[PDB]
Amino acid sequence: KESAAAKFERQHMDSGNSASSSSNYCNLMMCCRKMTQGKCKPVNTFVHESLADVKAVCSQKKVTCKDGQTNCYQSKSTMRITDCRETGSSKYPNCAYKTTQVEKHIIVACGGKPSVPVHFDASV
């Protein structure tokens, strides 16, 4: 049972986050996308291109995954992505991340039928 006091803090308190969206993007997104539950996911990449363009990567340059598997593909062009990396002061449940925006080629593993992205491998 969530106590009234705990409920109040969850619904109405935001003292920790900086008012700059440029800086708090990862903190908020990592939390919204459930990657801070139980443990703070160390690193994560978000892609800002269209879903169609990311799915199109599955029929582009074939490359070997970092884990030795062979269903990885590299994007023909760079894509706008955001790197979220856990900071030194991060400590679950207080997960903290540094947000970094860059434009790189991405490598994703594809699977299923039709073949779609199922794993983000890397950015080059």
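One rule holds for the numbers: they count along the sequence shown, beginning at 1.
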{"item": "Which of 108-116 and 11-19 has higher mean CA B factor, as the PDB entry lists it", "value": "11-19"}
{"item": "Segment of higher mean CA temperature factor, 23-31 or 38-46", "value": "38-46"}
{"item": "Residue of maximum C-alpha B factor among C58, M79, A96, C84, per deposited coordinates", "value": "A96"}
{"item": "Where the record places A122 (Cα B-factor, split into thirds across the chain)", "value": "middle"}
